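Residue numbers (full-length UniProt numbering), protein chains in the order written: chain G, 1 to 889; chain D, 818 to 885; chain S, 50 to 98.
Structure (structure tokens):
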């Protein structure tokens with residue numbers, strides 16, 4: 001301990017501020033010049049950030065705190081210069097003069113008068129002088145002012161431009177990772193008036209830099225991954241004009257302002273769709289801006305590009321609408337017969353060959369309901385041009401043999417055989433159409449809507465299936481005709497055929513399953529306007545469901561189209577609309593949780609997730625509202641699949657422990673459909689946690705509840721090694737786990753993982769994270785099954801052809817004008833880089849190296865090299881344009 | 818002779834988080850909806866205090882009158 | 050295992066508060082689970098003897 005002898009600064013700045021009350025009065029020079037000699041020297045012993053220990057700043061205030069309490073207030077005759085010497089010298093040590101209740105008094109030295117241009121003695125220092133202290137002001141002092149009194153005094157007026165120059169100072173001194181400190185400053189200051197802060201910070205960023213935009217640009221969208229309702233409403237529209245005004249990267253408009261379509265205003269992204277039609281630059285960024293506008297996140301854009309430039313600049317519209325759709329058919333035609341595809345594999349059924357010697361002999365299984373699953377050896381493998389003449393003879397015999405619902409099912413499988421087709425898809429049906437039967441034509445003409453699904457061109461808006469519908473005096477002609485056309489025009493929000501198919505609801509012909517899928521057919525069409533659909537559904541709901549207390553054919557189908565007509569907005573007006581509209585008995589207030597959370601597809605709104613638990617938690621509920629706690633858990637399944645894995649680990653942690661562990665009817669009947677809704681990628685955490693409750697069948701219940709959890713355990717696409725689980729459970733599933741009930745089911749689970757080699761993207765995440773639906777087409781199935789009796793009769797309309805929004809598969813094609821390039825792409829396990837050193841290496845799995853049409857996989861941001869620049873959108877999306885430039889030798 | 822009819826009925830949701838400022842802006846939403854369309858409800862005080870003080874310590878009693 | 054800012058940023062202040070939200074709710078849901086159980090049969094006389 002070598003103290004003493006060199007303690008100059010603990011003596012003379014211990015004495016001269018102690019002599020400052022001894023020299024304020026009767027010493028006009030010593031009041032001023034010793035203050036200025038104190039001020040610059042204390043300023044100089046802080047500017048190097050290589051002596052944090054300052055020989056004054058924690059040496060003078062031991063008496064100087066009681067001094068400043070008697071020097072600044074008690075002088076009472078403060079001059080115009082001596083306030084600029086006192087407050088410039090004594091507002092510096094006050095974060096360390098004072099303890100944790102400094103937060104109310106960062107002003108009793110400073111805001112007497114802020115001396116001039118306080119960064120004048122705080123420019124080259126990063127945060128030790130006042131910039132940490134400036135964040136201490138905006139944390140607590142501005143928030144209590146700007147809680148209800150934003151428009152206020154000097155604590156707002158100068159504080160605006162004070163925070164303005166400080167936010168310039170973060171990107172001024174060193175331009176380090178304190179760029180991201182500016183959104184740390186802009187959002188803590190005036191949390192709800194963020195745009196009033198950001199509007200000055202938008203224009204300041206526009207003149208800040210054009211190279212130091214992009215990491216702050218991704219900092220915003222990382223903060224926009226989850227927020228409050230109003231913060232996600234605010235900072236996402238602040239996110240919009242920064243590649244519009246500062247830079248013109250601008251190919252991140254269409255999908256990354258589909259981010260901002262539903263929250264702020266539907267017309268606002270339509271004004272950004274107008275901003276697409278402003279910047280018509282060349283073609284290449286314009287091409288891939290409008291590639292996504294048809295079948296990547298929405299359709300319904302084919303009405304705004306038939307204006308005055310219909311030569312090639314507005315004749316991309318039909319090219320977008322069906323020709324690049326057919327060029328995507330040329331992927332599955334040309335490229336996917338080349339990689340690994342002859343017309344009929346037909347041998348996953350043949351992969352059940354070694355079972356016949358496992359335990360003696362075989363040929364014991366003769367169940368007639370297995371022949372339902374026999375259609376999927378032909379059915380699922382023949383998607384994307386698995387066209388079959390006389391390979392449908394297993395269909396052709398069984399169509400003309402028995403099983404009326406399988407006559408509808410085998411006829412509905414023909415639409416899956418010719419999918420995404422307009423050229424000759426109806427010609428395939430017509431030879432298998434004229435049998436003059438109810439079940440054959442109702443499955444085939446429902447499959448005609450599946451053939452032209454995603455086309456939305458002129459095939460039959462009211463031609464075929466409207467003529468099929470007006471044939472009705474009877475069975476599924478009444479039913480199966482409205483379903484296929486609303487499936488085909490689900491991407492559109494056309495009003496006309498909605499009003500053609502609204503007298504289906506207004507007929508009051510009391511076929512119950514017809515009116516239920518009528519809500520599902522109109523639900524797939526619209527998500528926004530036409531409140532008269534909500535009027536039309538609840539009229540027959542109050543007519544029919546009020547005079548019953550019975551089955552979920554009422555409940556699983558009629559409120560669901562209401563939720564599909566109001567999907568994806570956290571405004572909480574739609575809950576005020578719907579729940580106050582059907583104020584009713586609790587078995588009709590089953591519908592309370594539907595339209596509540598169908599508007600709540602994905603965000604962070606954890607306050608909803610607690611009312612998704614705390615109202616109907618357990619209660620033990622002796623067989624009265626057990627459907628509602630299942631459906632309340634059904635809406636826990638979404639608002640979990642979009643928070644990009646932040647709550648997915650928390651979802652599997654809660655729902656593994658809480659329900660299947662300490663539950664009853666909520667857990668052991670229904671709560672596995674989370675895993676059939678959360679992901680379809682597959683990973684051995686949840687893929688092995690389900691046979692913990694499946695190999696233990698727990699047969700005491702109506703075990704098709706647990707065998708429903710068998711079924712969409714294989715609701716993970718992208719074919720895997722999971723055959724080890726399903727075939728070995730199929731071996732114990734032949735004799736035990738009765739083949740009368742689920743011999744269709746286990747092979748439905750077996751044959752669905754290898755649907756096709758490819759085309760597994762059914763998982764509602766495009767580009768990086770945006771929805772693009774599949775929701776309106778998938779969510780009817782998991783609403784359809786959570787019971788029984790639709791494994792035989794009614795759910796066979798659903799279980800085959802429920803979800804049909806598969807949007808191609810990979811990101812290999814090049815499209816450079818003539819479509820001859822293949823390039824050099826380099827596939828890897830996805831990004832982790834958030835904020836690290838400069839050129840942040842994008843990924844980590846350098847081993848795989850392909851050139852052309854290679855697979856997508858679970859976490860793959862595939863990059864490219866060889867100086868082709870790939871300057872399209874720099875965010876992928878499977879129809880890259882790929883120009884050419886090499887000006888770096 | 819009441820049986821003390823009691824209710825568990827609730828456990829208080831103690832999630833102390835972003836909830837705190839989210840309920841506060843919801844009370845701001847009621848200051849446009851309540852006081853601008855229709856709220857004119859009122860109640861009266863000190864009716865129940867009035868009957869207590871003029872009370873009877875002057876209780877009248879017939880012949881076989883009990884008294885502590 | 051996603052604390053990937055790796056620095057004193059508000060994201061790690063935002064990310065960890067999300068983890069606080071789900072574990073408190075997992076606490077309160079199982080707190081409601083042992084609360085609202087009016088089922089008593091003990092063992093329907095079989096395992097109790």
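Ideal Cβ positions, reconstructed from N, Cα and C, are used throughout, including at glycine.
Looking at the C-beta of residue 65 (chain S), does it have a partner C-beta in chain D at a distance below 8 Å?
Counted from its first residue, the third chain places residue 65 (chain S) at position 16. No, no contact with chain D.
Identify each residue in the segment 74–85 of chain S for which the Cβ-Cβ distance to at least one residue of chain G is less than 9 Å, and report them in chain order.
74, 75, 77, 78, 79, 81, 82, 83, 84 and 85
By a C-beta neighbour count over all protein chains shown, 10 Å radius and 16 as the cutoff for buried, is residue 846 (chain D) buried or exposed?
Numbered from 1 along the second chain, position 29 holds the residue referred to as residue 846 (chain D). So residue 846 (chain D) counts as exposed.
Near residue 521 (chain G), which residues of its chain fall below 6 Å by C-beta distance, leaving aside the five closest residues on each side in sequence?
Working through the first chain from its first residue, we reach residue 521 (chain G) at position 521. Here the set comprises 482, 483 and 486.
Does DSSP put residue 863 (chain G) in a helix, a strand or coil?
For the purposes of this step, residue 863 (chain G) is identified with residue 863 of the first chain, where counting begins at 1. Three-state DSSP puts residue 863 (chain G) in a strand.
Can you give me, in chain order, the residues of the segment 821–836 of chain D that have a beta carbon less than 8 Å from any beta carbon in chain S?
825, 828, 830, 831, 832, 834 and 835
Top-ranked residue by Cα proximity to residue 726 (chain G), from G:64, G:736, G:706 and G:753:
Within the first chain, residue 726 (chain G) is the residue found at index 726, counting from 1. When each option's Cα is compared against that of residue 726 (chain G), the closest is G:753.
Please name the residues in the segment 606–637 of chain G whose beta-carbon is closer than 8 Å to at least one beta-carbon of chain S, in chain order.
Residues of the segment 606–637 of chain G whose Cβ lies closer than 8 Å to any Cβ of chain S, in chain order: 606, 609, 610, 613, 614, 617, 618, 619 and 620.
Quickly, what does DSSP pair residue 850 (chain G) with across the bridge? List them, please.
Along the first chain, one-based indexing puts residue 850 (chain G) at 850. Paired residues: G:825.
Looking at the structure shown, is residue 770 (chain G) part of a helix, part of a strand, or coil, going by DSSP?
Here residue 770 (chain G) refers to the residue found at position 770 when the first chain is read from its first residue. The three-state secondary structure of residue 770 (chain G), taken from DSSP, is strand.
Cutting at 8 Å between CB atoms, please list the residues of its own chain near residue 588 (chain G), excluding the five before and the five after it.
Looking up residue 588 (chain G) in the first chain gives position 588. These residues qualify, in order along the chain: 541, 545, 546 and 582.
Shortest alpha-carbon distance to residue 243 (chain G) belongs to which of G:254, G:603 and G:779?
Working through the first chain from its first residue, we reach residue 243 (chain G) at position 243. When only C-alpha atoms are compared, the closest one is G:254.
Can you find a C-beta in chain G that's less than 8 Å from the C-beta of residue 886 (chain D)?
Residue numbering for chain D in the displayed model covers 818 to 885; residue 886 (chain D) lies beyond these limits and cannot be assessed.
Unbroken alpha helix (DSSP H) runs of length 4 or more, entirely within the segment 428–502 of chain G: which are they?
Correct list: 438–451, 465–469, 480–488 and 496–500.
Give the residues from the segment 164–176 of chain G that approach chain S closer than 7 Å (Cβ to any Cβ), ordered along the chain.
none
How would you call residue 356 (chain G), buried or exposed, if buried means at least 16 neighbouring beta carbons within 10 angstroms?
In the first chain, the residue the question calls residue 356 (chain G) occupies position 356. Exposed.
Is residue 687 (chain G) buried or exposed, if buried means 16 or more other CB atoms sit within 10 Å of its CB?
As a working mapping, residue 687 (chain G) is identified with position 687 in the first chain. Buried, because 16 or more other Cβ atoms sit within 10 Å of the Cβ of residue 687 (chain G).
Which residues in chain G sit within 8 Å of residue 842 (chain D), going by Cβ to Cβ distance?
For the purposes of this step, residue 842 (chain D) is identified with residue 25 of the second chain, where counting begins at 1. Simply 192 and 230.
With distance defined between alpha-carbon atoms, name the residue in G:478, G:491 and G:473 nearest to residue 893 (chain G).
The requested residue 893 (chain G) is not part of the displayed model; chain G covers only 1 to 889.
Grab me the residues of residue 65 (chain G)'s own chain with a C-beta within less than 7 Å of its C-beta, minus the 5 sequence neighbours each way, in chain order.
Numbered from its first residue, the first chain carries residue 65 (chain G) at position 65. Cβ within range, chain order: 97.
Compare the beta carbon distance of residue 185 (chain G) and residue 128 (chain G) with 8 Å and say whether it is the shorter of the two.
Stepping through the first chain from its first residue, residue 185 (chain G) is reached at position 185. Stepping through the first chain from its first residue, residue 128 (chain G) is reached at position 128. It is not a contact, given that the beta carbons lie outside the stated cut-off.
Spatial distance of residue 891 (chain G) from residue 673 (chain G) (CA atoms)
Within the shown structure, residues of chain G are numbered from 1 to 889, placing residue 891 (chain G) beyond reach of any answer.
Using a Cβ-Cβ cut-off of 8 Å, state whether residue 768 (chain G) counts as contacting chain S.
Position 768 of the first chain holds residue 768 (chain G). No, because no Cβ of chain S sits closer than 8 Å to the Cβ of residue 768 (chain G).
Could you work out which residue in G:468, G:683 and G:773 is closest to residue 525 (chain G) when comparing CA atoms only?
Numbered from its first residue, the first chain carries residue 525 (chain G) at position 525. Nearest option by C-alpha distance: G:773.
On the premise that residue 412 (chain G) lies in contact with residue 449 (chain G), defined as a C-beta separation below 8 Å, what is that separation, rounded to the nearest angstrom?
Locating residue 449 (chain G) in the first chain gives position 449, counting from the first residue. Locating residue 412 (chain G) in the first chain gives position 412, counting from the first residue. Not a contact, Cβ separation roughly 10 Å.
Buried versus exposed, by CB contacts within 10 Å (16 or more), residue 86 (chain G):
By 1-based counting over the first chain, the position of residue 86 (chain G) is 86. With 16 or more other Cβ atoms within 10 Å, it is buried.
Cβ-based contacts, 8 Å cut-off: residues of the segment 590–604 of chain G near chain S:
604
Proximity below 8 Å, CB of residue 114 (chain G) to CB of residue 158 (chain G)
Walking along the first chain from the start, residue 114 (chain G) turns up at place 114. Walking along the first chain from the start, residue 158 (chain G) turns up at place 158. Their beta carbons are under 8 Å apart, which means residue 114 (chain G) touches residue 158 (chain G) by this criterion.
Could you round the C-beta distance between residue 682 (chain G) and residue 671 (chain G) to whole angstroms and report it? I think they count as a contact, below 8 Å.
To locate residue 682 (chain G), count along the first chain from 1; it is residue 682. To locate residue 671 (chain G), count along the first chain from 1; it is residue 671. So it is not a contact: roughly 19 Å between Cβ atoms.
Rounded to the nearest angstrom, how far is the Cβ of residue 832 (chain D) from that of residue 81 (chain S), given a contact under 8 Å?
As a first step, residue 832 (chain D) must be located in the second chain, where it is residue number 15. As a first step, residue 81 (chain S) must be located in the third chain, where it is residue number 32. A Cβ-Cβ distance of about 13 Å is found for the pair residue 832 (chain D) and residue 81 (chain S), leaving them out of contact under the 8 Å criterion.
So residue 647 (chain G) contacts chain S; which residues on that side make the cut at Cβ distance below 8 Å?
Within the first chain, the letter at position 647 stands for residue 647 (chain G). Within chain S, the residues near residue 647 (chain G) are 67 and 71.
Which parts of the segment 705–768 of chain G are runs of the beta strand (DSSP E), unbroken and 3 residues or longer, counting only runs that do not cross its ends?
none
Thinking C-alpha only, which one of G:519, G:548 and G:174 is nearest residue 505 (chain G)?
Here the question's residue 505 (chain G) lines up with position 505 in the first chain. Comparing Cα-Cα distances from residue 505 (chain G) to each of G:519, G:548 and G:174, the minimum goes to G:519.
Cross-chain neighbours of residue 59 (chain S) in chain G, by beta carbon under 7 Å:
For the purposes of this step, residue 59 (chain S) is taken as residue 10 along the third chain, with counting starting at 1. Going along chain G in sequence order, the residues near residue 59 (chain S) (Cβ under 7 Å) are 184.
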